[PDB]
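Next up, model_22.pdb (PDB, C-alpha atoms and all ligand atoms):
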```pdb
ATOM      1  CA  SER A1797      50.505 143.818  38.318
ATOM      2  CA  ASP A1798      50.242 142.077  34.942
ATOM      3  CA  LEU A1799      49.076 145.501  33.800
ATOM      4  CA  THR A1800      52.438 147.232  34.258
ATOM      5  CA  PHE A1801      53.857 145.012  31.496
ATOM      6  CA  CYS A1802      50.926 145.911  29.218
ATOM      7  CA  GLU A1803      51.629 149.611  29.755
ATOM      8  CA  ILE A1804      55.235 149.065  28.639
ATOM      9  CA  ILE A1805      54.261 147.033  25.560
ATOM     10  CA  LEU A1806      51.495 149.431  24.540
ATOM     11  CA  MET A1807      53.719 152.492  24.976
ATOM     12  CA  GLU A1808      56.424 150.862  22.871
ATOM     13  CA  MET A1809      53.931 149.922  20.152
ATOM     14  CA  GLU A1810      52.378 153.412  20.102
ATOM     15  CA  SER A1811      55.813 154.959  19.423
ATOM     16  CA  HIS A1812      57.035 152.322  16.933
ATOM     17  CA  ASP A1813      57.837 153.553  13.403
ATOM     18  CA  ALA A1814      55.548 150.901  11.914
ATOM     19  CA  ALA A1815      52.552 151.745  14.153
ATOM     20  CA  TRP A1816      51.102 154.328  11.778
ATOM     21  CA  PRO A1817      48.299 152.056  10.391
ATOM     22  CA  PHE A1818      47.095 151.105  13.873
ATOM     23  CA  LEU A1819      47.049 154.333  15.913
ATOM     24  CA  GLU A1820      43.393 155.122  15.114
ATOM     25  CA  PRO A1821      40.302 153.041  14.234
ATOM     26  CA  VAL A1822      39.905 152.387  10.546
ATOM     27  CA  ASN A1823      37.292 154.742   9.113
ATOM     28  CA  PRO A1824      34.993 152.427   7.099
ATOM     29  CA  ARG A1825      33.711 155.442   5.145
ATOM     30  CA  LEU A1826      37.195 155.748   3.637
ATOM     31  CA  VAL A1827      37.947 152.035   3.186
ATOM     32  CA  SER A1828      35.639 150.185   0.812
ATOM     33  CA  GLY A1829      34.543 146.784   2.128
ATOM     34  CA  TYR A1830      36.102 147.057   5.597
ATOM     35  CA  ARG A1831      32.813 146.917   7.504
ATOM     36  CA  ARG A1832      31.765 143.830   5.519
ATOM     37  CA  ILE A1833      35.022 141.902   6.023
ATOM     38  CA  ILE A1834      36.305 142.862   9.502
ATOM     39  CA  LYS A1835      33.795 141.802  12.139
ATOM     40  CA  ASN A1836      35.663 143.055  15.245
ATOM     41  CA  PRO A1837      37.793 146.153  14.579
ATOM     42  CA  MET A1838      40.596 146.983  16.987
ATOM     43  CA  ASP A1839      43.430 149.494  17.225
ATOM     44  CA  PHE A1840      45.999 150.891  19.646
ATOM     45  CA  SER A1841      43.961 153.896  20.779
ATOM     46  CA  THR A1842      40.999 151.662  21.646
ATOM     47  CA  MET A1843      43.379 149.509  23.676
ATOM     48  CA  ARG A1844      44.848 152.636  25.294
ATOM     49  CA  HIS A1845      41.383 153.932  26.212
ATOM     50  CA  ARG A1846      40.391 150.555  27.642
ATOM     51  CA  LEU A1847      43.604 150.363  29.657
ATOM     52  CA  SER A1848      43.080 153.937  30.950
ATOM     53  CA  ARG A1849      39.660 153.166  32.425
ATOM     54  CA  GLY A1850      40.912 149.813  33.739
ATOM     55  CA  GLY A1851      38.836 147.659  31.389
ATOM     56  CA  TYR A1852      41.412 144.853  31.256
ATOM     57  CA  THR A1853      41.103 142.250  34.004
ATOM     58  CA  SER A1854      44.155 140.201  32.977
ATOM     59  CA  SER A1855      47.130 140.517  30.673
ATOM     60  CA  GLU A1856      45.580 137.772  28.533
ATOM     61  CA  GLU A1857      42.686 140.083  27.620
ATOM     62  CA  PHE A1858      45.205 142.733  26.573
ATOM     63  CA  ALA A1859      47.029 140.237  24.359
ATOM     64  CA  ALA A1860      43.779 139.124  22.714
ATOM     65  CA  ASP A1861      43.145 142.694  21.560
ATOM     66  CA  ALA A1862      46.707 143.085  20.282
ATOM     67  CA  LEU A1863      46.469 139.860  18.298
ATOM     68  CA  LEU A1864      43.123 141.024  16.925
ATOM     69  CA  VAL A1865      44.809 144.140  15.505
ATOM     70  CA  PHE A1866      47.192 141.968  13.514
ATOM     71  CA  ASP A1867      44.686 139.254  12.592
ATOM     72  CA  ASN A1868      42.437 141.985  11.158
ATOM     73  CA  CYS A1869      45.426 143.451   9.318
ATOM     74  CA  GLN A1870      46.321 140.152   7.628
ATOM     75  CA  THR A1871      42.666 139.438   6.794
ATOM     76  CA  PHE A1872      42.126 142.704   4.947
ATOM     77  CA  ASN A1873      45.558 143.674   3.551
ATOM     78  CA  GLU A1874      47.827 141.801   1.174
ATOM     79  CA  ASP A1875      51.103 140.737   2.766
ATOM     80  CA  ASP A1876      52.996 142.980   0.311
ATOM     81  CA  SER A1877      50.877 146.099   0.769
ATOM     82  CA  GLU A1878      52.205 149.049   2.752
ATOM     83  CA  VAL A1879      49.801 148.350   5.612
ATOM     84  CA  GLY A1880      50.372 144.601   5.522
ATOM     85  CA  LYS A1881      54.138 145.117   5.621
ATOM     86  CA  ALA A1882      53.832 147.424   8.628
ATOM     87  CA  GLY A1883      51.484 144.976  10.333
ATOM     88  CA  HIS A1884      53.997 142.156  10.037
ATOM     89  CA  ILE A1885      56.680 144.323  11.659
ATOM     90  CA  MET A1886      54.300 145.259  14.477
ATOM     91  CA  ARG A1887      53.053 141.691  14.930
ATOM     92  CA  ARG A1888      56.604 140.319  15.212
ATOM     93  CA  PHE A1889      57.460 143.155  17.615
ATOM     94  CA  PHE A1890      54.488 142.298  19.838
ATOM     95  CA  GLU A1891      55.090 138.538  19.892
ATOM     96  CA  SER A1892      58.747 139.149  20.724
ATOM     97  CA  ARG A1893      58.100 141.614  23.565
ATOM     98  CA  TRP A1894      55.268 139.511  24.982
ATOM     99  CA  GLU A1895      57.622 136.525  25.229
ATOM    100  CA  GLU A1896      60.393 138.312  27.138
ATOM    101  CA  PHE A1897      57.879 139.153  29.853
ATOM    102  CA  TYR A1898      56.085 135.797  30.034
TER     103      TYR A1898
HETATM  104  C1  LIG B1901      44.683 151.213   4.091
HETATM  105  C2  LIG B1901      43.812 151.710   5.248
HETATM  106  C3  LIG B1901      44.257 151.246   6.668
HETATM  107  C4  LIG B1901      44.998 152.028   7.592
HETATM  108  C5  LIG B1901      45.527 153.350   7.481
HETATM  109  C6  LIG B1901      45.638 154.131   8.630
HETATM  110  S1  LIG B1901      46.353 155.631   8.096
HETATM  111  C7  LIG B1901      46.467 155.160   6.441
HETATM  112  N1  LIG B1901      47.028 156.029   5.378
HETATM  113  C8  LIG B1901      47.073 157.508   5.599
HETATM  114  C9  LIG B1901      48.135 158.241   4.775
HETATM  115  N2  LIG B1901      48.540 157.514   3.618
HETATM  116  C10 LIG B1901      47.443 156.856   3.012
HETATM  117  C11 LIG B1901      46.974 155.702   3.897
HETATM  118  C12 LIG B1901      45.557 155.251   3.458
HETATM  119  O1  LIG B1901      45.470 154.519   2.518
HETATM  120  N3  LIG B1901      44.343 155.725   4.203
HETATM  121  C13 LIG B1901      42.970 155.307   3.841
HETATM  122  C14 LIG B1901      42.657 155.485   2.346
HETATM  123  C15 LIG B1901      42.211 156.925   1.988
HETATM  124  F1  LIG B1901      41.100 156.829   1.209
HETATM  125  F2  LIG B1901      41.934 157.601   3.146
HETATM  126  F3  LIG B1901      43.170 157.611   1.294
HETATM  127  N4  LIG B1901      45.980 153.901   6.346
HETATM  128  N5  LIG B1901      45.186 151.297   8.698
HETATM  129  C16 LIG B1901      44.625 150.095   8.599
HETATM  130  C17 LIG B1901      44.669 149.011   9.733
HETATM  131  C18 LIG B1901      44.018 150.002   7.332
HETATM  132  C19 LIG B1901      43.270 148.740   6.866
HETATM  133  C20 LIG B1901      42.167 148.795   5.821
HETATM  134  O2  LIG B1901      43.555 147.686   7.351
HETATM  135 MG    MG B1902      46.587 133.915  16.462
END
```

Same coordinates, now as structure tokens:
Amino acid sequence: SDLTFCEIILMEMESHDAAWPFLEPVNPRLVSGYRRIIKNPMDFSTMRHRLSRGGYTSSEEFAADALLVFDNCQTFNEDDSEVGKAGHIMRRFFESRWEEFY
């Protein structure tokens, strides 16, 4: 249904060169101040796990999680940091692929 498109998008994000910051949850033990600043963490493997057990009712819920990944990225990382730069590439990728399905 709407979920077949989400499988395609998520697969293509997981394999993207710039996905390396977002494949795994941030470990707050390793990242000073992350727990304080980011209220709702999100990453591609959490989305993949939620998709695998069917925890998305609509495509709009899937997109909310994706946008959360990149909102969190821009909140915590400078736009010219290595992670910020990758997050902009991944955000533009997502917005572009989402639009040529809907
Ligand atoms: C900047 C942290 C961060 C990552 C992320 C995922 S893998 C990775 N890297 C691994 C290899 N190269 C170093 C670099 C790194 O700095 N890791 C943590 C620092 C330390 F202490 F472990 F070295 N960073 N992803 C997101 C979404 C992040 C944030 C805060 O938004
Ligand atoms: Mg937004």

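If you measure from each of A:1801, A:1866, A:1889, A:1897 to residue 1839 (chain A) using all atoms listed in the file, the closest one turns out to be A:1866.
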
Non-local contacts of region 1816-1826 of chain A (10 Å; all atoms listed in the file; under 6 positions in same chain excluded) as a PyMOL selection string = chain A and resi 1809-1810+1832+1834+1837-1844+1865-1866+1869+1878-1880+1882-1883+1886

If you count only C-alpha atoms and all ligand atoms, which residues end up within 10 Å of ligand MG 1902 (chain B), as a VMD selection string?
-> chain A and resid 1860 1862 to 1864 1866 to 1867

Return as lines of an AutoDock Vina configuration file the centre and edge lengths, in Å with one decimal, of the box along x, y and z that encloses every atom of region 1879-1888 of chain A in the file, padded by 4 Å per side.
```
center_x = 53.2
center_y = 144.3
center_z = 10.4
size_x = 14.9
size_y = 16.0
size_z = 17.7
```

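Of the residues under consideration (A:1808, A:1858, A:1895, A:1877), A:1858 shows the shortest atom-to-atom contact distance to residue 1845 (chain A) when counting only C-alpha atoms.
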
Nearest to ligand LIG 1901 (chain B) among A:1827, A:1802, A:1807, A:1815, with distances taken over all atoms listed in the file: which residue is it?
->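 Nearest candidate to ligand LIG 1901 (chain B) out of A:1827, A:1802, A:1807, A:1815: A:1827.
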
Shortest interatomic distance to ligand LIG 1901 (chain B) - which of A:1800, A:1872, A:1846, A:1805, counting all atoms listed in the file |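 Among A:1800, A:1872, A:1846, A:1805, it is A:1872 that comes nearest to ligand LIG 1901 (chain B).
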
Just give me the gap between atom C16 of ligand LIG 1901 (chain B) and CA of residue 1806 (chain A) in Å, one decimal is fine.
-> 17.4 Å

Using all atoms listed in the file, which residue out of A:1803, A:1847, A:1852, A:1884 lies closest to residue 1868 (chain A)?
->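 Using all atoms listed in the file, the shortest distance to residue 1868 (chain A) belongs to A:1884.
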
Block slice region 1815-1889 of chain A, C-alpha atoms, emitted as a PDB file, in the first residue's frame:
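Just written: part.pdb:
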```
ATOM      1  CA  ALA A1815      23.617   7.833   5.640  1.00  0.00           C
ATOM      2  CA  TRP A1816      26.515   6.998   7.948  1.00  0.00           C
ATOM      3  CA  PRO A1817      25.455   9.394  10.790  1.00  0.00           C
ATOM      4  CA  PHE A1818      21.904   8.030  10.864  1.00  0.00           C
ATOM      5  CA  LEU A1819      22.207   4.230  10.651  1.00  0.00           C
ATOM      6  CA  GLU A1820      22.231   3.734  14.443  1.00  0.00           C
ATOM      7  CA  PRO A1821      20.814   5.654  17.435  1.00  0.00           C
ATOM      8  CA  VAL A1822      23.134   8.294  18.790  1.00  0.00           C
ATOM      9  CA  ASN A1823      24.849   6.992  21.920  1.00  0.00           C
ATOM     10  CA  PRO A1824      24.386   9.833  24.453  1.00  0.00           C
ATOM     11  CA  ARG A1825      27.261   8.419  26.525  1.00  0.00           C
ATOM     12  CA  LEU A1826      29.583   9.357  23.656  1.00  0.00           C
ATOM     13  CA  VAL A1827      27.987  12.687  22.699  1.00  0.00           C
ATOM     14  CA  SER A1828      28.066  15.361  25.389  1.00  0.00           C
ATOM     15  CA  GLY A1829      24.775  17.247  25.729  1.00  0.00           C
ATOM     16  CA  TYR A1830      22.732  15.146  23.289  1.00  0.00           C
ATOM     17  CA  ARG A1831      20.258  13.859  25.878  1.00  0.00           C
ATOM     18  CA  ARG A1832      19.683  17.416  27.133  1.00  0.00           C
ATOM     19  CA  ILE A1833      19.108  18.970  23.693  1.00  0.00           C
ATOM     20  CA  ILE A1834      17.377  16.283  21.582  1.00  0.00           C
ATOM     21  CA  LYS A1835      14.035  15.384  23.130  1.00  0.00           C
ATOM     22  CA  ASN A1836      12.926  12.729  20.595  1.00  0.00           C
ATOM     23  CA  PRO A1837      15.839  10.800  19.055  1.00  0.00           C
ATOM     24  CA  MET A1838      15.282   8.976  15.783  1.00  0.00           C
ATOM     25  CA  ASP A1839      17.367   7.058  13.258  1.00  0.00           C
ATOM     26  CA  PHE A1840      17.063   4.747  10.262  1.00  0.00           C
ATOM     27  CA  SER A1841      17.360   1.478  12.183  1.00  0.00           C
ATOM     28  CA  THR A1842      14.559   2.518  14.545  1.00  0.00           C
ATOM     29  CA  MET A1843      12.439   3.288  11.489  1.00  0.00           C
ATOM     30  CA  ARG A1844      13.439  -0.052   9.939  1.00  0.00           C
ATOM     31  CA  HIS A1845      12.502  -1.940  13.115  1.00  0.00           C
ATOM     32  CA  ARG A1846       9.168  -0.130  13.326  1.00  0.00           C
ATOM     33  CA  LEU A1847       8.436  -0.863   9.673  1.00  0.00           C
ATOM     34  CA  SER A1848       9.375  -4.551  10.160  1.00  0.00           C
ATOM     35  CA  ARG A1849       6.826  -5.089  12.932  1.00  0.00           C
ATOM     36  CA  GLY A1850       4.236  -3.031  11.036  1.00  0.00           C
ATOM     37  CA  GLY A1851       4.186  -0.106  13.468  1.00  0.00           C
ATOM     38  CA  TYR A1852       3.394   2.468  10.771  1.00  0.00           C
ATOM     39  CA  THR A1853      -0.301   2.946  10.035  1.00  0.00           C
ATOM     40  CA  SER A1854       0.164   5.470   7.210  1.00  0.00           C
ATOM     41  CA  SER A1855       2.954   6.818   5.051  1.00  0.00           C
ATOM     42  CA  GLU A1856       2.551  10.145   6.864  1.00  0.00           C
ATOM     43  CA  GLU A1857       3.764   8.553  10.110  1.00  0.00           C
ATOM     44  CA  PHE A1858       6.818   7.242   8.263  1.00  0.00           C
ATOM     45  CA  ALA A1859       7.579  10.710   6.901  1.00  0.00           C
ATOM     46  CA  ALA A1860       7.261  12.279  10.356  1.00  0.00           C
ATOM     47  CA  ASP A1861      10.032  10.009  11.638  1.00  0.00           C
ATOM     48  CA  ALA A1862      12.250  10.751   8.638  1.00  0.00           C
ATOM     49  CA  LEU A1863      11.825  14.491   9.106  1.00  0.00           C
ATOM     50  CA  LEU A1864      12.593  14.053  12.802  1.00  0.00           C
ATOM     51  CA  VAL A1865      15.965  12.509  11.900  1.00  0.00           C
ATOM     52  CA  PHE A1866      16.904  15.635   9.973  1.00  0.00           C
ATOM     53  CA  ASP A1867      15.317  18.143  12.357  1.00  0.00           C
ATOM     54  CA  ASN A1868      17.354  16.571  15.177  1.00  0.00           C
ATOM     55  CA  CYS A1869      20.461  16.722  12.987  1.00  0.00           C
ATOM     56  CA  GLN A1870      20.091  20.451  12.285  1.00  0.00           C
ATOM     57  CA  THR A1871      19.271  21.190  15.938  1.00  0.00           C
ATOM     58  CA  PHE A1872      22.421  19.577  17.296  1.00  0.00           C
ATOM     59  CA  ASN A1873      25.028  19.908  14.509  1.00  0.00           C
ATOM     60  CA  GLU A1874      26.401  23.006  12.829  1.00  0.00           C
ATOM     61  CA  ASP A1875      25.504  23.230   9.150  1.00  0.00           C
ATOM     62  CA  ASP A1876      29.218  23.012   8.256  1.00  0.00           C
ATOM     63  CA  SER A1877      30.074  20.037  10.456  1.00  0.00           C
ATOM     64  CA  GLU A1878      30.652  16.615   8.920  1.00  0.00           C
ATOM     65  CA  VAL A1879      27.379  15.304  10.339  1.00  0.00           C
ATOM     66  CA  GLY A1880      25.435  18.438   9.451  1.00  0.00           C
ATOM     67  CA  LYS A1881      26.733  18.296   5.879  1.00  0.00           C
ATOM     68  CA  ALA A1882      25.691  14.654   5.551  1.00  0.00           C
ATOM     69  CA  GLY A1883      22.300  15.434   7.070  1.00  0.00           C
ATOM     70  CA  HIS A1884      21.606  18.108   4.477  1.00  0.00           C
ATOM     71  CA  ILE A1885      22.391  15.650   1.673  1.00  0.00           C
ATOM     72  CA  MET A1886      20.106  13.042   3.242  1.00  0.00           C
ATOM     73  CA  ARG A1887      17.335  15.553   3.952  1.00  0.00           C
ATOM     74  CA  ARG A1888      17.336  16.813   0.349  1.00  0.00           C
ATOM     75  CA  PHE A1889      17.392  13.197  -0.866  1.00  0.00           C
TER      76      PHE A1889
END
```
